[PDB]
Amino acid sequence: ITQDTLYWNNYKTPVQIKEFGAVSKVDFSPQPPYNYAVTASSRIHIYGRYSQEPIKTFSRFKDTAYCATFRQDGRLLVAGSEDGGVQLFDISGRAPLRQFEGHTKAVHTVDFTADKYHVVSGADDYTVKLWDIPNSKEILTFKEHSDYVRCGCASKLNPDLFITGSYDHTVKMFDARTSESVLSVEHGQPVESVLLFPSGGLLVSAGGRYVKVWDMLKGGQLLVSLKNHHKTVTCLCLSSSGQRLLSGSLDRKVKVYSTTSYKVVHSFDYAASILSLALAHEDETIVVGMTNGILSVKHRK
């Protein structure tokens, strides 16, 4: 019995929670007590790790919400809206909801840059935007994707560096200091998820039945193509250590891979097609969101 099977099996019986809408995103706060934000339908639910009911709700109380993502200090949530808005929610519940307008279609991807005071958005208008929070305005637009921009990752370390994935089958790497993408890689299926490793030198792309790992320092050299899912790969996650990659799929499985070998070291089965996957600090909680509106929460033994 491998040390990996021992590690990833070391969870209690799952707790199933009904969200009564497809769970499009789950994100853990990086700050104690590591609450998680659940995006479904037109609102964001906050749960405590052991909550079976939401402890807070954030919403415009309008249209479908997308991609609710904590800032690195756990103090703001950024989200997109169906009507083409980017929203910031103050987690304290003290300050008014802030709205950035400019996108002309649904915004499915938002992230904070490393500096914490800029946002990267991607929309169904095919465009990528860089927003200055303090100046309350767009500073850059990139019109290089030719189809919906459905996923995105700002560098953990570099405030200038960020990536987006598109249904145009490409991932584009952008530097805030230049007006055109620095690199483009052909995932070759519609891109549903991306990950940038902290160095910026390795990028993971997921979509169709494929997970692909790219060396971006080497001009976007393909390191490996993984075909371990039977249906669309919908989500990517790193383990707390950065030493494991997790993928979730409409095929109801989460695969865990070594970041050294890219061999599968564990497999988990879920009741329904997976849309979202999130791991708490030191992997103490694993949350999977599915198409039938149910969250599966696993607590570490």
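So that there is no doubt, residue numbering starts at 1 and follows the sequence shown.
Student: For the stretches 283 to 291 and 9 to 17, which has the higher mean C-alpha B-factor as given in the deposited record?
Tutor: Averaging CA B-factors over each stretch, the winner is 9 to 17.
Student: Looking at the entry, does 62 to 70 or 47 to 55 show the higher mean C-alpha B-factor?
Tutor: Taking the mean C-alpha B-factor of 62 to 70 and of 47 to 55, the larger value falls to 47 to 55.
Student: Tell me, please, which of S121, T178, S155, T104 has the highest C-alpha B factor according to the deposited entry?
Tutor: Largest recorded C-alpha B-factor: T178.
Student: Which is it among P134, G219, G207, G201: the one with the largest CA B-factor in the entry?
Tutor: Highest C-alpha B-factor among the listed residues goes to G219.
Student: What third of the chain, by the recorded C-alpha B-factor, contains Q189?
Tutor: Middle third, going by the recorded CA B-factors of the chain.
Student: Compare the C-alpha B factor of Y34 with those of the other modelled residues in its chain, then answer lowest, middle or highest third.
Tutor: As the PDB entry reports it, the C-alpha B-factor of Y34 lands in the highest third of its chain.
Student: Among the modelled residues of this chain, does the Cα B factor of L161 put it in the lowest, middle or highest third?
Tutor: It falls in the middle third of the chain.
Student: Can you tell me whether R98 has a C-alpha B-factor in the lowest, middle or highest third compared with the other modelled residues of the same chain?
Tutor: As the PDB entry reports it, the C-alpha B-factor of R98 lands in the highest third of its chain.
Student: Please rank the C-alpha B-factors of the chain's modelled residues and tell me whether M173 sits in the lowest, middle or highest third.
Tutor: CA B-factor rank for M173: middle third.
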